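Trainee: So the sequences go chain by chain: W, B, G, H, S, R, D, X and L.
For what it's worth, the UniProt record's numbering labels the leading residue of the first sequence as 163, then goes sequentially.
For what it's worth, the UniProt record's numbering labels the leading residue of the second sequence as 197, then goes sequentially.
For what it's worth, the UniProt record's numbering labels the leading residue of the third sequence as 156, then goes sequentially.
For what it's worth, the UniProt record's numbering labels the leading residue of the fourth sequence as 324, then goes sequentially.
For what it's worth, the UniProt record's numbering labels the leading residue of the fifth sequence as 344, then goes sequentially.
For what it's worth, the UniProt record's numbering labels the leading residue of the sixth sequence as 200, then goes sequentially.
For what it's worth, the UniProt record's numbering labels the leading residue of the seventh sequence as 93, then goes sequentially.
For what it's worth, the UniProt record's numbering labels the leading residue of the eighth sequence as 349, then goes sequentially.
For what it's worth, the UniProt record's numbering labels the leading residue of the ninth sequence as 246, then goes sequentially.
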Amino acid sequence: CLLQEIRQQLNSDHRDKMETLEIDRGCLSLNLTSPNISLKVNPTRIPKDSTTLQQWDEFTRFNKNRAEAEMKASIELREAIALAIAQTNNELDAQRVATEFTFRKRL
Amino acid sequence: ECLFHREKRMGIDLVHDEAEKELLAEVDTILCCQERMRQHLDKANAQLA
Amino acid sequence: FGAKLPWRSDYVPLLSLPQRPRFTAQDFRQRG
Amino acid sequence: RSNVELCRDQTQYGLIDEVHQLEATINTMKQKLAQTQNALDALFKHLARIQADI
Amino acid sequence: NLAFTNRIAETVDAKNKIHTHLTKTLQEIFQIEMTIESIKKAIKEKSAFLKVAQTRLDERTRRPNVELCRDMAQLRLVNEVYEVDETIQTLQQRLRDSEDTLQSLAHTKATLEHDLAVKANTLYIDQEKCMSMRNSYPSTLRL
Amino acid sequence: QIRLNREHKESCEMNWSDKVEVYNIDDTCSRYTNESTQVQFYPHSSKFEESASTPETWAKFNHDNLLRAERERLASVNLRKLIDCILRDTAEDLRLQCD
Amino acid sequence: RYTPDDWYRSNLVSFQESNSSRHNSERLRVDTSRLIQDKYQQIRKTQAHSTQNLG
Amino acid sequence: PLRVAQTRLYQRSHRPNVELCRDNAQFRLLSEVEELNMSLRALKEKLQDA
Amino acid sequence: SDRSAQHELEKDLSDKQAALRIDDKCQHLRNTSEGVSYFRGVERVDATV
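1) Is there a C-beta anywhere in chain W that falls below 8 Å from the one on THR143 of chain D?
2) Count the other CB atoms, across all protein chains shown, that sit within 10 Å of the CB of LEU420 of chain S; report buried if there are 16 or more and exposed otherwise.
3) What residues from chain X crowd round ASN233 of chain R, counting only those whose CB sits closer than 8 Å?
4) Out of S:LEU393, S:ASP414 and S:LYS394, state which residue places its alpha-carbon closest to the alpha-carbon of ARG403 of chain S.
5) If contact means a Cβ-Cβ distance below 7 Å, which residues of the stretch 419 to 450 of chain S contact chain L?
6) Verify the CB distance criterion: does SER102 of chain D have a CB-CB separation below 8 Å to chain B?
7) Among R:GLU291, R:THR289, R:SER275 and R:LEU286, whose alpha-carbon lies nearest the alpha-carbon of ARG202 of chain R?
8) Mind listing which residues of the stretch 158 to 174 of chain G have their C-beta closer than 7 Å to chain S's C-betas, in chain order?
9) With 8 Å set as the bound, which would you pick, yes or no: does the beta-carbon of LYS239 of chain B sit closer than that to a beta-carbon of chain L?
10) Alpha carbon to alpha carbon, how far is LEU265 of chain R from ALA180 of chain G?
11) List, in order along the chain, the chain G residues whose C-beta lies closer than 8 Å to that of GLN370 of chain S?
12) Short check: CB of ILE382 of chain S to CB of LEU448 of chain S, under 8 Å?
13) Quick one: is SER259 of chain L near chain B, going by C-beta distance under 8 Å?
14) Check the DSSP bridge columns for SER252 of chain R and list the partner residues they point to.
15) Suppose you measure from the CA of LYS394 of chain S to the CA of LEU295 of chain R; what does that come to, to the nearest Å?
16) Quick one: which chain D residues come within Cβ less than 8 Å of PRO242 of chain R?
17) Any idea what DSSP makes of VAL211 of chain B, helix, strand or coil?
18) Against chain X, with Cβ distances strictly below 8 Å, would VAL238 of chain R count as a contact?
19) Among the residues of its own chain, which have a CB less than 8 Å from the CB of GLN446 of chain S, if the five just before and after it don't count?
20) Cβ of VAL105 of chain D less than 8 Å from any chain G Cβ?
21) Mark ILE372 of chain S as exposed unless 16 or more other C-beta atoms lie within 10 angstroms of its C-beta, in which case mark it buried.
22) Buried or exposed for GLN108 of chain D, going by 16 or more other Cβ atoms inside 10 Å?
23) Tell me where the alpha helix (DSSP H) around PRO96 of chain D begins and ends.
24) So what does DSSP say about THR454 of chain S, is it helix, strand or coil?
25) Do you know whose CA, among R:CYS228, R:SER216, R:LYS280 and R:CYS211, lies nearest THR355 of chain X's CA?
26) Work out the CA separation of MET206 of chain B and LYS270 of chain L for me, nearest whole Å.
27) Against chain D, which members of the stretch 177 to 203 of chain W pass a CB distance test of less than 7 Å?
28) Report yes if the C-beta distance between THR95 of chain D and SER244 of chain R is below 8 Å; otherwise report no.
29) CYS228 of chain R touches chain X at which residues, Cβ-Cβ below 7 Å?
30) Flag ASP98 of chain D as yes if its beta-carbon sits less than 8 Å from any beta-carbon of chain A, otherwise no.
31) Could you check if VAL238 of chain R is buried or exposed, using at least 16 other CB atoms within 10 Å of its CB as the buried criterion?
32) Please list the terminal residues of the continuous alpha helix (DSSP H) segment that includes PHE265 of chain W.
33) I'd like to know whether the C-beta atoms of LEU160 of chain G and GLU118 of chain D end up nearer to each other than 8 Å.
34) For the stretch 248 to 263 of chain R, list every residue whose C-beta sits within 7 Å of some C-beta in chain D, in sequence order.
35) Is residue 283 of chain W near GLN144 of chain D, with beta carbons less than 8 Å apart?
36) Who are the neighbours of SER245 of chain R on chain D, taking C-beta pairs under 8 Å?
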């Protein structure tokens, strides 16, 4: 469950940033002598939320750290699975052999 | 009834199997025991006479 | 051909295959 | 390959040599088949002999 | 009975493995449809851009006597026209490729499902028929 | 036209390969005899009894492929002659205009 | 009426065929995706070039 | 010779994409298989009687 | 002889109901499901006897 939700939220982040990249490459692309240039209403406005750089850096790195931690956990669970299967089969085999021996004694 | 009841399988799986070979052997063993025991019945009855 | 590819636009939705080259962090040796 | 670009290369000779070597290998494998079959037939012969003896 | 057991065992193994492969195959098909509509939208908008490019080319032959010129505008315009034509041809070839792959996967899915049904029938029949009478202690009839 | 010709060439080449292998297989088969080797117990099975085709259908397969190749060759010849005549007429008319 | 050998062969054939199909589809996906964006970007570039000249 | 006929058929079972053509030969071969089978059974019965 | 007869009738009913399920899944043909697809080429087969 945890892994699926982490992957989906990373997906959202990725699409957002690539959209931004589209906008910015267009911004570099245009220039003067261009049909779209004109005067726009009071664009000197500062945005409302106006995210700053520290939140950028945190939101980026924090979640990838979560991801690598989950990767460690996955490795741990897989090795534990191996060990558990091994132990179960160990007890089954040893117990059955001992019981067969006792049966022979009785006979 | 087991042996000829198997054949209801369809498609790609009416394979000649070690199961079926063993079962036919089973039938033969049943019959041989049947025969020998009836014969010994006959012999005992003659002894009674 | 074999020539310079930019290994950049690399989210195939589900490439759970012997593919997706360069970094994978898959496991190297497996069960047997 | 068009006009003058058709060229006689070391690749051509290598491929031809591959083909000929390949026919030779084909023939030798068939010979091995022959001898193995002979051996199998002989062994079955002796098996039948032994069962009759038993 | 010993052999009958391992017969059932291998049947079960087959069941499990085939079910897994079915799941992941249908997953892949579900993704390929998305790719298909992607390419179709691309075709639409490239056609629209051909539309506008021609449009801009057309009118300029109306200009009067001397100011009419064979401008580098005309050069680049004709280049764009032809280039987008070959682009369209390549994309349509890719499209044909896609539908061919789809028919192949269709055969795959059909065959897998039919085999599933057959083997389920086999295991079913074998179990409730044989294990019904063949139980423990070979004395009493199964009337 | 070149494209179409090459495609049909490839297809017919394929089927000819097939016929060659099958013919050689049966040739290798036919030299068997009762006393000889290559003589074994292999059990019955339905793969031995499988059916895939029938003589007339196989014949019509081959016949269709042959006729396809024939038509494409005819078309190629026609286009060739047309191209030649166009070349000739072009040259002559430009000559007269220059004169 | 059938043979265990041939049953085993039939199974293996089926599964390997499935794998072949899947690999084909994946490797098609990759390069199709690639071609999409490269064509888009080159078209954008040409359009901008044109408008600049005529301005 | 039942073996040699059987191997005939076994090789016949190896044919590619379009070669398996149900024909006279396969039919006749099946017929001969059945025939020699019944012959063998009859002969074994006569052996037991002797 | 009785047993032979019962076996034949059993075989017949088995294959018949198999076809029955196939054809009910068939008649469940109402539009808008996923299994419908393209595999064109089913208009030449000497299939059914």
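We put the CB at the ideal spot given by N, CA and C, even for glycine.
Mentor: Based on what the coordinates show:
1) Looking up residue 143 of chain D in the seventh sequence gives position 51. Contact of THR143 of chain D with chain W is assigned, a C-beta pair being separated by under 8 Å.
2) Position 77 of the fifth sequence, counted from the start, is the residue given in the question as residue 420 of chain S. Taking all protein chains shown into account, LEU420 of chain S has 16 or more neighbouring C-beta atoms within 10 Å of its C-beta and is therefore buried.
3) The sequence position of residue 233 of chain R within the sixth sequence is 34, counting from 1. Result: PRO349 and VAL352.
4) For the purposes of this step, residue 403 of chain S is identified with residue 60 of the fifth sequence, where counting begins at 1. That would be S:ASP414, whose Cα lies nearest to the Cα of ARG403 of chain S.
5) From the stretch 419 to 450 of chain S, only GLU442, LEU445, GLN446, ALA449 and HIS450 have a Cβ closer than 7 Å to chain L.
6) Mapped onto the seventh sequence, residue 102 of chain D falls at position 10. Judged by the 8 Å Cβ criterion, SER102 of chain D is in contact with chain B.
7) What you label residue 202 of chain R is simply residue 3 of the sixth sequence in a count that begins at 1. Measuring from the Cα of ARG202 of chain R, the nearest candidate turns out to be R:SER275.
8) So the close ones are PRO168 and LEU169.
9) As a first step, residue 239 of chain B is located in the second sequence; it is residue number 43 there, counting from the start. False, the Cβ-Cβ gap to chain L never drops below 8 Å.
10) For the purposes of this step, residue 265 of chain R is taken as the residue at position 66 of the sixth sequence. For the purposes of this step, residue 180 of chain G is taken as the residue at position 25 of the third sequence. If I take the Cα positions, the gap works out to 55 Å.
11) The residue given as residue 370 of chain S occupies position 27 in the fifth sequence. Neighbourhood of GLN370 of chain S in chain G, by CB distance below 8 Å: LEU169, in chain order.
12) Taking the fifth sequence and counting its residues from 1, the one referred to as residue 382 of chain S is at position 39. Taking the fifth sequence and counting its residues from 1, the one referred to as residue 448 of chain S is at position 105. It is not a contact, given that the beta carbons lie outside the stated cut-off.
13) As a working note, residue 259 of chain L is residue 14 in the ninth sequence. Under the 8 Å criterion on CB atoms, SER259 of chain L is classed as interfacial with respect to chain B.
14) As a working mapping, residue 252 of chain R is identified with position 53 in the sixth sequence. Its beta-bridge partners are X:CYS369.
15) Along the fifth sequence, one-based indexing puts residue 394 of chain S at 51. Along the sixth sequence, one-based indexing puts residue 295 of chain R at 96. If you take the alpha carbons of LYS394 of chain S and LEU295 of chain R, they lie about 42 Å apart.
16) On the sixth sequence, position 43 is the one that residue 242 of chain R refers to. For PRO242 of chain R, the chain D residues whose Cβ falls inside 8 Å of its Cβ are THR95, in order along the chain.
17) Position 15 of the second sequence, counted from the start, is the residue given in the question as residue 211 of chain B. Residue state, collapsed to three classes: strand.
18) Counting from one through the sixth sequence, the residue named residue 238 of chain R turns up at place 39. Yes, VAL238 of chain R counts as interfacial toward chain X.
19) Within the fifth sequence, residue 446 of chain S is the residue found at index 103, counting from 1. The beta carbon of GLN446 of chain S sits closer than 8 Å to no other beta carbon from its chain once the five residues preceding and following it are set aside.
20) The residue labelled residue 105 of chain D in the question sits at position 13 within the seventh sequence. With respect to chain G, the C-beta atom of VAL105 of chain D has no partner C-beta closer than 8 Å.
21) Numbered from its first residue, the fifth sequence carries residue 372 of chain S at position 29. Buried, by the Cβ-count rule.
22) Position 16 of the seventh sequence holds residue 108 of chain D. Flag for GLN108 of chain D reads exposed.
23) In the seventh sequence, counting from the first residue as 1, residue 96 of chain D sits at position 4. DSSP places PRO96 of chain D inside the alpha helix (DSSP H), whose first and last residues are 96 to 146.
24) The residue given as residue 454 of chain S occupies position 111 in the fifth sequence. In the structure shown, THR454 of chain S falls within a helical segment according to DSSP collapsed to helix, strand and coil.
25) To locate residue 355 of chain X, count along the eighth sequence from 1; it is residue 7. Nearest of R:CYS228, R:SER216, R:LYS280 and R:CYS211 to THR355 of chain X, Cα basis: R:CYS228.
26) Against the ninth sequence, residue 270 of chain L aligns to sequence position 25. Against the second sequence, residue 206 of chain B aligns to sequence position 10. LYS270 of chain L and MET206 of chain B have their C-alpha atoms spaced approximately 19 Å apart.
27) Listed by position along the chain: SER191, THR195, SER196 and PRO197.
28) Residue numbering aside, residue 95 of chain D sits at position 3 when the seventh sequence is read from its first letter. Residue numbering aside, residue 244 of chain R sits at position 45 when the sixth sequence is read from its first letter. For the pair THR95 of chain D and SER244 of chain R, the CB atoms are nearer than the 8 Å cut-off.
29) Mapped onto the sixth sequence, residue 228 of chain R falls at position 29. Within chain X, the residues near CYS228 of chain R are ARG356 and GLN359.
30) Absent here is chain A; the protein component of the structure consists of chains W, B, G, H, S, R, D, X and L.
31) As a working mapping, residue 238 of chain R is identified with position 39 in the sixth sequence. So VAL238 of chain R counts as buried.
32) Along the first sequence, read from residue 1 onward, the residue named residue 265 of chain W stands at position 103. 215 to 268 is the extent of the alpha helix (DSSP H) around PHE265 of chain W.
33) Numbered from 1 along the third sequence, position 5 holds the residue referred to as residue 160 of chain G. Numbered from 1 along the seventh sequence, position 26 holds the residue referred to as residue 118 of chain D. No, they are not a contact pair.
34) Answer set for the stretch 248 to 263 of chain R: empty.
35) Because residue 283 of chain W is not part of the residues shown, which for chain W are 163 to 269, the question remains open.
36) Within the sixth sequence, numbered from 1, the residue matching residue 245 of chain R stands at position 46. What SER245 of chain R touches in chain D: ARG93 and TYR94.
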